[PDB]
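Undergrad:
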């Protein structure tokens, strides 16, 4: 046995090399289905293999629930960093789950990669 804690869960983990979908997932203190805490946390996941936002939500919340944690996607979007300005960018929406709070994503991705900067604008697709 082991028991996670919301601080131990990776805050951002992604596999990025172009344009690919991501989801914002709220996570709650339910490790072992018996952790005494009742906090909440958010994670940023997104990978080129998740051609649809449901793919990451099913995989990731499956892993969270295997640790014990209970979850809800706040929404989906996509991460890109193409442009002519290397600022990573977060935008778009899921159709099953709507637009995420891309605000949370940028502050987390900036903190993960302080050598770079990140922006969002919900105007895109």
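In the working numbering, the protein residues as written are 1 to 125. No residue lacks a Cβ here, since even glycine has one placed at the ideal position from N, Cα and C.
Measuring CA to CA, which of 66, 82, 39 is closest to residue 1?
TA: Closest option to residue 1, Cα to Cα, is 66.
Undergrad: In the DSSP assignment, find the alpha helix (DSSP H) that holds residue 48 and state where it starts and stops.
TA: No alpha helix (DSSP H) holds residue 48; DSSP gives it neither H nor E.
Undergrad: Which residue comes first and which comes last in the alpha helix (DSSP H) that contains residue 104?
TA: Residue 104 -> alpha helix (DSSP H) spans 102-112.
Undergrad: Between which two residues does the alpha helix (DSSP H) carrying residue 59 extend?
TA: Start and end: 53-67.
Undergrad: Leaving out five residues before and five after residue 40 in sequence, what residues of the same chain have Cβ atoms less than 8 Å from its Cβ?
TA: Within the same chain, residue 40 has close Cβ partners 6, 26, 27, 28, 29.
Undergrad: In its own chain, which residues sit with a C-beta less than 6 Å from the C-beta of residue 107, not counting the 5 before and 5 after it?
TA: Same-chain partners within the cutoff: there are none.
Undergrad: Assign residue 83 to buried or exposed, taking buried as 16 or more other Cβ atoms, counted over all protein chains shown, within 10 Å of its Cβ.
TA: By the 10 Å Cβ count, residue 83 comes out exposed.
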